[PDB]
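**Q** input29.txt is reproduced below (compact mmCIF, C-alpha atoms and all ligand atoms).
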```
# COMPACT_ATOMS: atom_id res chain seq x y z
CA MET V 1 3.91 18.41 -24.50
CA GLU V 2 7.30 17.52 -26.00
CA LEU V 3 10.45 15.56 -25.25
CA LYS V 4 12.48 18.61 -24.10
CA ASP V 5 10.00 19.00 -21.29
CA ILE V 6 9.76 15.35 -20.30
CA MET V 7 13.54 15.18 -20.16
CA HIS V 8 13.73 18.33 -18.12
CA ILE V 9 11.37 16.71 -15.59
CA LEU V 10 13.50 13.60 -15.54
CA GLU V 11 16.68 15.56 -15.06
CA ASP V 12 15.07 17.28 -12.04
CA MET V 13 14.32 13.82 -10.52
CA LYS V 14 18.12 13.72 -9.92
CA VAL V 15 18.31 9.93 -9.40
CA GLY V 16 17.01 6.84 -11.17
CA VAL V 17 17.26 3.12 -10.72
CA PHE V 18 19.22 1.60 -13.62
CA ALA V 19 18.83 -2.12 -14.50
CA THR V 20 21.58 -3.81 -16.46
CA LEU V 21 22.73 -7.37 -17.41
CA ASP V 22 25.75 -9.37 -16.53
CA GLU V 23 27.47 -11.89 -18.85
CA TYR V 24 25.01 -14.57 -17.83
CA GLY V 25 22.04 -12.31 -18.60
CA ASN V 26 21.24 -11.95 -14.92
CA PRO V 27 19.58 -8.68 -13.96
CA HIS V 28 21.14 -6.10 -11.65
CA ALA V 29 19.62 -2.78 -10.48
CA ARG V 30 20.97 0.23 -8.54
CA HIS V 31 20.40 3.96 -7.99
CA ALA V 32 22.60 6.30 -9.96
CA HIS V 33 22.64 10.05 -10.35
CA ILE V 34 21.10 11.49 -13.53
CA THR V 35 23.85 13.90 -14.60
CA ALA V 36 21.72 15.28 -17.43
CA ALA V 37 18.72 14.45 -19.56
CA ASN V 38 17.58 16.11 -22.80
CA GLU V 39 16.50 15.42 -26.39
CA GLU V 40 19.82 13.68 -26.96
CA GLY V 41 19.30 11.21 -24.15
CA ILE V 42 19.95 10.39 -20.53
CA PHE V 43 23.45 10.80 -19.06
CA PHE V 44 24.89 9.20 -15.98
CA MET V 45 28.26 8.29 -14.58
CA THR V 46 29.98 5.34 -13.05
CA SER V 47 33.45 4.26 -12.33
CA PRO V 48 35.65 1.68 -14.10
CA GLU V 49 36.00 -1.57 -12.16
CA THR V 50 32.44 -1.40 -10.86
CA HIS V 51 29.98 -4.04 -11.84
CA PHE V 52 27.61 -1.35 -13.23
CA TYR V 53 30.50 -0.35 -15.53
CA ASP V 54 31.39 -3.90 -16.48
CA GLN V 55 27.79 -4.75 -17.18
CA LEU V 56 27.16 -1.71 -19.39
CA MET V 57 30.37 -2.32 -21.24
CA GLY V 58 29.44 -5.95 -21.84
CA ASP V 59 25.86 -5.33 -22.80
CA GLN V 60 24.30 -1.99 -23.76
CA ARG V 61 20.78 -2.97 -22.81
CA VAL V 62 19.39 -0.90 -20.01
CA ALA V 63 16.07 -0.15 -18.27
CA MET V 64 15.66 2.87 -15.96
CA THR V 65 12.91 4.06 -13.67
CA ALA V 66 12.85 7.38 -11.88
CA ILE V 67 10.25 8.95 -9.62
CA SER V 68 9.74 12.38 -8.08
CA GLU V 69 7.52 13.24 -5.19
CA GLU V 70 9.16 16.75 -5.31
CA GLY V 71 6.41 19.39 -5.10
CA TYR V 72 2.82 18.36 -5.28
CA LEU V 73 3.13 16.10 -8.29
CA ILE V 74 3.98 12.39 -8.32
CA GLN V 75 5.90 11.74 -11.47
CA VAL V 76 7.18 8.48 -12.85
CA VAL V 77 9.42 7.98 -15.87
CA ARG V 78 10.32 4.53 -17.26
CA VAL V 79 12.79 4.09 -20.13
CA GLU V 80 14.01 0.98 -21.95
CA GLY V 81 16.93 1.33 -24.34
CA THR V 82 20.65 1.14 -25.01
CA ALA V 83 23.58 2.93 -23.28
CA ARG V 84 27.11 3.69 -24.52
CA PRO V 85 30.13 5.27 -22.96
CA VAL V 86 30.79 8.81 -24.20
CA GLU V 87 33.91 11.01 -24.18
CA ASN V 88 34.29 14.82 -24.01
CA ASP V 89 34.53 15.00 -27.79
CA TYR V 90 30.87 13.98 -27.93
CA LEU V 91 29.69 15.74 -24.78
CA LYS V 92 30.93 19.10 -26.17
CA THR V 93 28.52 18.84 -29.07
CA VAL V 94 25.65 18.30 -26.64
CA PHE V 95 26.54 20.66 -23.72
CA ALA V 96 29.06 23.03 -25.28
CA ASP V 97 29.84 26.13 -23.22
CA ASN V 98 26.70 25.91 -20.99
CA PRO V 99 27.99 26.69 -17.45
CA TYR V 100 25.40 24.47 -15.67
CA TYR V 101 27.00 21.40 -17.42
CA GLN V 102 30.79 21.96 -17.42
CA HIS V 103 31.21 19.38 -14.63
CA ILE V 104 30.36 16.61 -17.14
CA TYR V 105 33.82 16.91 -18.79
CA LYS V 106 36.40 14.50 -17.23
CA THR V 112 38.24 8.54 -12.60
CA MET V 113 34.57 8.72 -13.73
CA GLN V 114 33.12 7.57 -17.07
CA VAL V 115 29.99 9.12 -18.58
CA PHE V 116 27.36 6.95 -20.32
CA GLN V 117 24.38 7.91 -22.39
CA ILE V 118 21.07 6.19 -23.02
CA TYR V 119 21.20 7.18 -26.66
CA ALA V 120 18.19 5.21 -27.99
CA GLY V 121 15.03 3.84 -26.46
CA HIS V 122 11.40 4.36 -25.71
CA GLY V 123 9.80 5.73 -22.59
CA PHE V 124 6.69 6.35 -20.57
CA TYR V 125 6.07 9.49 -18.48
CA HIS V 126 3.27 9.37 -15.90
CA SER V 127 1.95 12.12 -13.60
CA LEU V 128 -0.06 9.86 -11.29
CA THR V 129 -1.97 12.54 -9.48
CA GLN V 130 -3.22 14.11 -12.74
CA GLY V 131 -3.84 10.90 -14.69
CA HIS V 132 -1.61 12.07 -17.56
CA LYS V 133 0.37 9.41 -19.46
CA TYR V 134 2.76 10.07 -22.32
CA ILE V 135 4.81 7.63 -24.35
CA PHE V 136 7.96 8.85 -26.17
CA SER V 137 11.13 7.74 -27.94
CA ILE V 138 14.75 8.76 -27.71
CA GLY V 139 17.30 9.02 -30.54
CA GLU V 145 8.13 11.82 -30.96
CA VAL V 146 5.80 12.07 -27.89
CA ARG V 147 2.24 10.77 -27.64
CA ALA V 148 -0.41 11.58 -25.05
CA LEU V 149 -2.30 8.44 -24.20
CA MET A 1 21.84 -7.58 13.44
CA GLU A 2 19.83 -10.36 11.78
CA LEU A 3 17.68 -11.04 8.74
CA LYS A 4 14.34 -10.62 10.59
CA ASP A 5 15.33 -7.03 11.21
CA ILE A 6 16.65 -6.26 7.74
CA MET A 7 13.46 -7.64 6.26
CA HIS A 8 11.34 -5.66 8.65
CA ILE A 9 13.12 -2.50 7.45
CA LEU A 10 12.53 -3.50 3.85
CA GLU A 11 8.88 -4.20 4.45
CA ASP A 12 8.53 -0.69 5.94
CA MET A 13 10.01 0.79 2.71
CA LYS A 14 6.62 -0.18 1.19
CA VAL A 15 7.78 -0.02 -2.45
CA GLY A 16 10.73 -1.31 -4.46
CA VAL A 17 11.85 -1.22 -8.04
CA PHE A 18 11.78 -4.75 -9.50
CA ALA A 19 13.90 -5.63 -12.58
CA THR A 20 12.91 -8.61 -14.66
CA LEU A 21 13.68 -10.16 -18.11
CA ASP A 22 11.60 -10.68 -21.17
CA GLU A 23 11.94 -13.64 -23.58
CA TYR A 24 14.75 -11.90 -25.40
CA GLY A 25 16.64 -11.28 -22.15
CA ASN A 26 15.92 -7.57 -22.32
CA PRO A 27 15.69 -5.83 -18.96
CA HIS A 28 12.54 -4.17 -17.62
CA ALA A 29 12.11 -2.30 -14.30
CA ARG A 30 9.09 -0.89 -12.42
CA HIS A 31 7.91 0.08 -8.93
CA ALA A 32 5.78 -2.46 -7.13
CA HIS A 33 4.38 -2.60 -3.63
CA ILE A 34 6.21 -4.81 -1.12
CA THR A 35 3.28 -6.74 0.37
CA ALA A 36 5.52 -8.39 2.97
CA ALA A 37 9.13 -9.20 3.69
CA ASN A 38 10.55 -11.61 6.28
CA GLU A 39 12.98 -14.51 6.78
CA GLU A 40 11.05 -16.45 4.16
CA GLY A 41 11.51 -13.82 1.49
CA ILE A 42 10.04 -10.82 -0.25
CA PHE A 43 6.39 -10.85 -1.39
CA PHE A 44 4.75 -8.70 -4.00
CA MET A 45 1.76 -8.82 -6.29
CA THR A 46 0.95 -8.29 -9.90
CA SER A 47 -1.82 -9.07 -12.22
CA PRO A 48 -2.05 -11.73 -14.97
CA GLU A 49 -1.72 -10.29 -18.47
CA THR A 50 0.79 -7.67 -17.37
CA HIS A 51 4.27 -7.75 -18.73
CA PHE A 52 5.70 -7.92 -15.16
CA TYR A 53 3.63 -11.11 -14.76
CA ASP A 54 4.61 -12.55 -18.11
CA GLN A 55 8.25 -11.81 -17.51
CA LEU A 56 8.34 -13.39 -14.04
CA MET A 57 6.48 -16.40 -15.31
CA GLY A 58 8.93 -16.80 -18.18
CA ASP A 59 12.06 -16.22 -16.19
CA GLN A 60 12.38 -16.27 -12.39
CA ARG A 61 15.43 -14.06 -12.28
CA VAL A 62 14.83 -10.81 -10.49
CA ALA A 63 16.76 -7.85 -9.04
CA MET A 64 15.11 -5.39 -6.62
CA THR A 65 16.18 -2.13 -5.07
CA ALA A 66 14.30 -0.26 -2.38
CA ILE A 67 15.11 2.94 -0.53
CA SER A 68 13.64 4.76 2.46
CA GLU A 69 14.20 8.34 3.40
CA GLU A 70 11.45 7.79 6.07
CA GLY A 71 12.66 9.24 9.39
CA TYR A 72 16.18 10.44 9.72
CA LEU A 73 17.85 7.43 8.18
CA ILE A 74 18.62 6.83 4.50
CA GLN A 75 18.33 3.15 3.91
CA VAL A 76 19.02 1.17 0.78
CA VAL A 77 18.35 -2.51 0.18
CA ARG A 78 19.44 -4.35 -2.99
CA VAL A 79 18.50 -7.99 -3.64
CA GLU A 80 19.32 -10.34 -6.52
CA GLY A 81 17.53 -13.66 -6.70
CA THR A 82 14.67 -15.77 -8.01
CA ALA A 83 10.87 -15.24 -7.74
CA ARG A 84 7.99 -17.74 -8.00
CA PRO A 85 4.25 -17.42 -7.92
CA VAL A 86 2.71 -18.60 -4.65
CA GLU A 87 -0.83 -19.69 -3.71
CA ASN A 88 -2.73 -19.45 -0.39
CA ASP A 89 -1.71 -22.99 0.49
CA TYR A 90 1.86 -21.73 0.84
CA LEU A 91 1.09 -18.27 2.20
CA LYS A 92 -0.83 -19.83 5.14
CA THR A 93 2.32 -21.54 6.34
CA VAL A 94 4.13 -18.20 6.32
CA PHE A 95 1.44 -15.75 7.56
CA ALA A 96 -1.11 -18.03 9.19
CA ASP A 97 -3.72 -16.26 11.32
CA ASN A 98 -1.73 -12.99 11.73
CA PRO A 99 -4.36 -10.22 11.25
CA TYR A 100 -1.88 -7.69 9.74
CA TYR A 101 -1.42 -10.11 6.75
CA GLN A 102 -4.86 -11.60 5.95
CA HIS A 103 -5.15 -9.36 2.86
CA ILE A 104 -2.45 -11.49 1.15
CA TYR A 105 -4.95 -14.36 0.59
CA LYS A 106 -6.72 -14.11 -2.84
CA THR A 112 -7.50 -10.97 -9.90
CA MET A 113 -4.06 -10.53 -8.23
CA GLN A 114 -1.23 -13.08 -8.08
CA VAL A 115 1.33 -13.11 -5.27
CA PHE A 116 5.03 -13.79 -5.98
CA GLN A 117 7.89 -14.44 -3.65
CA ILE A 118 11.61 -13.81 -3.95
CA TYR A 119 12.35 -17.13 -2.33
CA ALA A 120 16.16 -17.27 -2.81
CA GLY A 121 18.87 -14.69 -3.30
CA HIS A 122 21.50 -12.53 -1.74
CA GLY A 123 21.23 -8.95 -0.59
CA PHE A 124 22.93 -5.82 0.62
CA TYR A 125 21.49 -3.48 3.27
CA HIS A 126 23.03 -0.01 3.57
CA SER A 127 22.27 2.80 6.06
CA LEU A 128 24.08 5.57 4.19
CA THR A 129 24.02 8.15 6.93
CA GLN A 130 25.59 5.76 9.48
CA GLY A 131 28.06 4.03 7.17
CA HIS A 132 26.68 0.58 8.07
CA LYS A 133 26.70 -2.10 5.36
CA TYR A 134 25.40 -5.64 5.74
CA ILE A 135 25.32 -8.45 3.23
CA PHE A 136 22.78 -11.30 3.65
CA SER A 137 21.14 -14.25 1.92
CA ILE A 138 17.57 -15.42 1.56
CA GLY A 139 16.27 -19.02 1.51
CA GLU A 145 23.10 -15.58 7.32
CA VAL A 146 23.93 -11.82 7.70
CA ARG A 147 27.39 -10.25 7.68
CA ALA A 148 28.43 -6.78 8.79
CA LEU A 149 31.00 -5.44 6.38
CL CL R 201 21.02 1.31 -5.00
CL CL R 202 7.41 2.40 -12.20
```
Could you rewrite the structure in this file as structure tokens?
Ligand SMILES: [Cl-]
Ligand SMILES: [Cl-]
**A**
Amino acid sequence: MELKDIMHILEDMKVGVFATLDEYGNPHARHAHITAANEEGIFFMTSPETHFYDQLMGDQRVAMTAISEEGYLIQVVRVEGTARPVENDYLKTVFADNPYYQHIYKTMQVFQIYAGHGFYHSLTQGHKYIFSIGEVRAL
Amino acid sequence: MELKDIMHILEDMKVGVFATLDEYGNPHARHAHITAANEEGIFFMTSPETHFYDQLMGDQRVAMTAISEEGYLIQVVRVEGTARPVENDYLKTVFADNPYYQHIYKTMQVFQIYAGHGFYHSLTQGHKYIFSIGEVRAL
């Protein structure tokens, strides 16, 4: 199993809980849509003038957990890493002309978890994988 | 609407994502079972020698989000506050002889979000409430 596949699974989860820090280091956590997820990282959006946006802009550190009980599997992904805002200039090199992903080009602001380490767990099958972003190991 | 009711809803969500801090202030987030939730706070368990446990013991600051798509409602609760370990001595004053909650008395360690502020949102009905723990307002 490889990262392309883990990230495809994550992308299909559609939604994750993202934990970020304010200027006092206090934790905050909310659901956000996973716009895309692949070998390059995890992409999501938020709006300027939201606290999620402020927090990410003030401190790149992020943790995310996502879970799917879609189909007959129960799948959990946990990631800890760093997020940055990204513009179309960068997105084009990742998504290019692919029609499934044209919506990502700009209102909203896209961010990317560009570096980190993660854990993928299929609970019903007892399969655990650890991986990095920005290198997958079956435990 | 009052806190007893919000917390009953939360308790029925069964599971939340809890975000905590390590000694470097880095965020971490995982699912944990909501053992109980009421006017006194939100109770959950973890084991010694887990990172969740270490983190909570090192820094009380916690954020939690929980979501239910049980029934026809879509319900989101977000809480930011502080958690502490609690022993049976304390739990008895909260749960007493109530048979539904005897399992809470001790292996595991119970914690309590004893203070904080929260947001309850029924997305399909457009109803938003803010509240505190340790005082509910319809927005
Ligand atoms: Cl949320
Ligand atoms: Cl988890």
**Q** What does the distance between atom CA of residue A:23 and atom CA of residue A:58 come to in Å, to one decimal place?
**A**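 Calculated distance between atom CA of residue A:23 and atom CA of residue A:58 is 6.9 Å.
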**Q** Under the rule that only C-alpha atoms and all ligand atoms are counted, which of V:7, V:67, V:32, V:21 is the nearest residue to ligand CL 201 (chain R)?
**A**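 Among V:7, V:67, V:32, V:21, it is V:32 that comes nearest to ligand CL 201 (chain R).
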**Q** Ligand CL 202 (chain R): which residues are within 6 Å, counting all atoms listed in the file, as a PyMOL selection string?
**A** (chain V and resi 65) or (chain A and resi 30-31)
**Q** Give the answer as one residue: which of A:1, A:37, A:120, A:77 has the shortest atom-to-atom distance to chain V, using only C-alpha atoms?
**A** A:77
**Q** My list of candidates is V:28, V:14, V:103, V:8. Which is closest to ligand CL 201 (chain R) when distances are computed with all atoms listed in the file?
**A**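 The answer is V:28, which sits nearest to ligand CL 201 (chain R).
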**Q** Choose the residue, out of A:11, A:80, A:97, A:87, that has the smallest atom-to-atom separation from ligand CL 201 (chain R); count only C-alpha atoms and all ligand atoms.
**A**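 Checking each candidate against ligand CL 201 (chain R), we get A:80 as the closest.
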**Q** Within 12 Å of ligand CL 201 (chain R), counting only C-alpha atoms and all ligand atoms: which residues, as an MDAnalysis selection string?
**A** (chainID V and resid 15:19 28:33 52) or (chainID A and resid 16:18 63:68 74:80 123:128)
**Q** I want to know what sits within 12 Å of residue V:101, based on only C-alpha atoms, with residues of the same chain fewer than 2 positions away left out; could you give that as a compact mmCIF listing (two decimals) with C-alpha atoms, in the coordinates of the input?
**A**
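Okay, out-v2.txt is ready:
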```txt
# COMPACT_ATOMS: atom_id res chain seq x y z
CA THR V 35 23.85 13.90 -14.60
CA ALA V 36 21.72 15.28 -17.43
CA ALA V 37 18.72 14.45 -19.56
CA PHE V 43 23.45 10.80 -19.06
CA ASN V 88 34.29 14.82 -24.01
CA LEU V 91 29.69 15.74 -24.78
CA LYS V 92 30.93 19.10 -26.17
CA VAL V 94 25.65 18.30 -26.64
CA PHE V 95 26.54 20.66 -23.72
CA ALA V 96 29.06 23.03 -25.28
CA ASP V 97 29.84 26.13 -23.22
CA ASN V 98 26.70 25.91 -20.99
CA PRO V 99 27.99 26.69 -17.45
CA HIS V 103 31.21 19.38 -14.63
CA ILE V 104 30.36 16.61 -17.14
CA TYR V 105 33.82 16.91 -18.79
CA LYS V 106 36.40 14.50 -17.23
```
**Q** I'd like the neighbourhood of residue V:81 as a PDB file with C-alpha atoms, keeping the file's coordinate frame, where a residue qualifies if any of its atoms comes within 6 Å (using all atoms listed in the file), though same-chain residues fewer than 3 positions away should be ignored.
**A**
```pdb
ATOM      1  CA  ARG V  61      20.780  -2.970 -22.810  1.00  0.00           C
ATOM      2  CA  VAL V  62      19.390  -0.900 -20.010  1.00  0.00           C
ATOM      3  CA  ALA V 120      18.190   5.210 -27.990  1.00  0.00           C
ATOM      4  CA  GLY V 121      15.030   3.840 -26.460  1.00  0.00           C
TER       5      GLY V 121
END
```
**Q** Pick the closest to residue V:51 from V:12, V:39, V:22, V:89: which is it, counting only C-alpha atoms?
**A**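 Closest to residue V:51 of all the choices is V:22.
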**Q** Give me, please, the distance in Å between atom CA of residue V:57 and atom CA of residue A:26, quoted to one decimal.
**A**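 Taking atom CA of residue V:57 and atom CA of residue A:26, their separation equals 15.4 Å.
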**Q** Please determine the residues with any atom at most 8 Å from (20.5, 9.2, -28.3) (coordinates as given in the file, with all atoms listed in the file counting) and report them as an mmCIF file with C-alpha atoms, keeping the file's coordinate frame.
**A**
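Writing the result to selection18.cif gives the following:
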```cif
data_model
loop_
_atom_site.group_PDB
_atom_site.id
_atom_site.type_symbol
_atom_site.label_atom_id
_atom_site.label_comp_id
_atom_site.auth_asym_id
_atom_site.auth_seq_id
_atom_site.Cartn_x
_atom_site.Cartn_y
_atom_site.Cartn_z
ATOM 1 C CA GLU V 39 16.500 15.420 -26.390
ATOM 2 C CA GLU V 40 19.820 13.680 -26.960
ATOM 3 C CA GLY V 41 19.300 11.210 -24.150
ATOM 4 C CA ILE V 42 19.950 10.390 -20.530
ATOM 5 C CA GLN V 117 24.380 7.910 -22.390
ATOM 6 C CA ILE V 118 21.070 6.190 -23.020
ATOM 7 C CA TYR V 119 21.200 7.180 -26.660
ATOM 8 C CA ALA V 120 18.190 5.210 -27.990
ATOM 9 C CA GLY V 121 15.030 3.840 -26.460
ATOM 10 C CA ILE V 138 14.750 8.760 -27.710
ATOM 11 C CA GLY V 139 17.300 9.020 -30.540
#
```
**Q** Measure the distance from atom CA of residue V:115 to atom CA of residue V:69 in Å and round it to one decimal.
**A** 26.5 Å
**Q** Using all atoms listed in the file, find the one residue out of V:59, V:132, V:93, V:148 that sits nearest to residue A:25.
**A** V:59
**Q** Could you rebuild stretch 103-122 of chain A with N, CA, C and O atoms and give me the result as a compact mmCIF listing (two decimals), in the coordinates of the input?
**A**
```
# COMPACT_ATOMS: atom_id res chain seq x y z
N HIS A 103 -4.90 -9.88 4.21
CA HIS A 103 -5.15 -9.36 2.86
C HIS A 103 -4.40 -10.15 1.76
O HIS A 103 -4.85 -10.19 0.60
N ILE A 104 -3.29 -10.79 2.12
CA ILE A 104 -2.45 -11.49 1.15
C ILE A 104 -3.19 -12.68 0.49
O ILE A 104 -2.84 -13.07 -0.63
N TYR A 105 -4.21 -13.23 1.14
CA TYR A 105 -4.95 -14.36 0.59
C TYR A 105 -5.98 -13.90 -0.47
O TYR A 105 -6.87 -13.11 -0.16
N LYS A 106 -5.83 -14.41 -1.70
CA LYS A 106 -6.72 -14.11 -2.84
C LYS A 106 -8.17 -14.11 -2.41
O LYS A 106 -8.69 -15.17 -2.12
N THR A 112 -7.79 -11.85 -11.03
CA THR A 112 -7.50 -10.97 -9.90
C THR A 112 -5.98 -11.04 -9.64
O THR A 112 -5.25 -11.51 -10.49
N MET A 113 -5.50 -10.58 -8.49
CA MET A 113 -4.06 -10.53 -8.23
C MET A 113 -3.40 -11.91 -8.21
O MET A 113 -4.06 -12.94 -8.17
N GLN A 114 -2.07 -11.90 -8.27
CA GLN A 114 -1.23 -13.08 -8.08
C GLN A 114 -0.05 -12.65 -7.21
O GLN A 114 0.64 -11.67 -7.51
N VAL A 115 0.19 -13.38 -6.13
CA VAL A 115 1.33 -13.11 -5.27
C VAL A 115 2.57 -13.84 -5.81
O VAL A 115 2.48 -14.95 -6.34
N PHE A 116 3.73 -13.19 -5.69
CA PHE A 116 5.03 -13.79 -5.98
C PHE A 116 5.93 -13.59 -4.80
O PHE A 116 5.72 -12.68 -4.03
N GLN A 117 6.94 -14.43 -4.73
CA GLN A 117 7.89 -14.44 -3.65
C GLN A 117 9.34 -14.53 -4.15
O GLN A 117 9.69 -15.47 -4.86
N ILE A 118 10.20 -13.62 -3.71
CA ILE A 118 11.61 -13.81 -3.95
C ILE A 118 11.99 -14.76 -2.87
O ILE A 118 12.10 -14.37 -1.70
N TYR A 119 12.15 -16.02 -3.26
CA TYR A 119 12.35 -17.13 -2.33
C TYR A 119 13.84 -17.48 -2.09
O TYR A 119 14.17 -18.22 -1.14
N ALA A 120 14.73 -16.94 -2.91
CA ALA A 120 16.16 -17.27 -2.81
C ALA A 120 16.93 -16.11 -3.38
O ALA A 120 16.50 -15.50 -4.36
N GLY A 121 18.08 -15.81 -2.81
CA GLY A 121 18.87 -14.69 -3.30
C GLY A 121 19.90 -14.23 -2.33
O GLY A 121 20.15 -14.89 -1.33
N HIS A 122 20.51 -13.11 -2.64
CA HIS A 122 21.50 -12.53 -1.74
C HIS A 122 21.22 -11.03 -1.79
O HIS A 122 20.66 -10.52 -2.78
```
